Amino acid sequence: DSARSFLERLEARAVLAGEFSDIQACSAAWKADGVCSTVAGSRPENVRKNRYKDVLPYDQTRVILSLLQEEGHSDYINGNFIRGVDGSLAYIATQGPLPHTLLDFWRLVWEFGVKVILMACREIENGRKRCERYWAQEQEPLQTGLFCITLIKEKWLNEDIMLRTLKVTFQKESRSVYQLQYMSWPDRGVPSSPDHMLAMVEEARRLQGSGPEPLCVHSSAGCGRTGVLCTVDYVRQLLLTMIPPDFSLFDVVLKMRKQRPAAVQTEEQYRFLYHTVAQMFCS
């Protein structure tokens, strides 16, 4: 019924451009009202840790790193928690690590028991370095600080997605971490295969199994492509789990944008979210 009525409301009614422009107004207001601030991200000791000057994590929901803290390590990383459907910390949306934030990225993974990492960008995008390789090659393990990262096996989930089985070691404890990377999803755009994107989410959920640990989700800035993944996964859970009878995609995206800046970056990605959700409900 609830999924059904959602499509009815869609059919009763392609703008949408109006709705997303209203999402932008709400964002600008949260910043005017100081309900979303970027104080920790602007600190002079943290600025170099931001990939982009215009993308800072909100103080209210930022990931706070306490691991190695006794050693004098900063609590800071450009990343935010996003709440899941049950109200728990389901996602961590973070930027593509820089050469000097690789260690912080692994502190994050380690401290929060992360099992699955979703990557929605490439290392090199427009002739530009967009993300550092943080995973291991079969042929070179990766070392930052006290962590040793090791590639066990690689395969393709499908033509667009690489599934890497990683081992990470820290102080004699060992954990498996899975990374799924989506290869052909540009910036401000949409993936080449909405179906493959769904499969990525499907596989991430299988690998995640039970357990309260959040999915780690990133792209280059940790905004547009990251926010689309989180939103897709969030709405899938709603369905598998609980779709409200007044269910609104406008409210979901608003909620996301309140936790991670510009989560869902462009009108095009917003329309894409609608097409995807609509398809998902038909089945």
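The first residue of the shown sequence is 1; numbering continues from there.
Per the record, residue 13 and residue 14 are separated by 4 to 9 deposited residues that are missing from the model. In the deposited entry, the stretch joining residue 241 to residue 242 is interrupted by 1 to 3 residues of the deposited sequence lacking coordinates. Looking at 135-143 and 107-115 together, the entry lists the larger mean B-factor for 135-143, computed on C-alpha atoms. Averaged over Cα atoms, the B-factor as recorded in the entry is higher for 61-69 than for the other of 214-222 and 61-69. In this entry, the residue among 188, 100, 83, 205 with the greatest C-alpha B factor is 83. In the PDB entry, the Cα temperature factor peaks, among 129, 172, 167, 196, at 172. Among all modelled residues in its chain, residue 17 ranks in the highest third by Cα B-factor. Among the modelled residues of the chain, residue 247 sits in the highest third by CA temperature factor in this PDB entry. Ranked against the other modelled residues of its chain, the C-alpha B-factor of residue 229 as given in the entry falls in the lowest third.
Compared with the other modelled residues of the chain, the Cα B-factor recorded for residue 31 ranks in the highest third. For residue 158, the recorded CA temperature factor ranks within the middle third of the chain's modelled residues.
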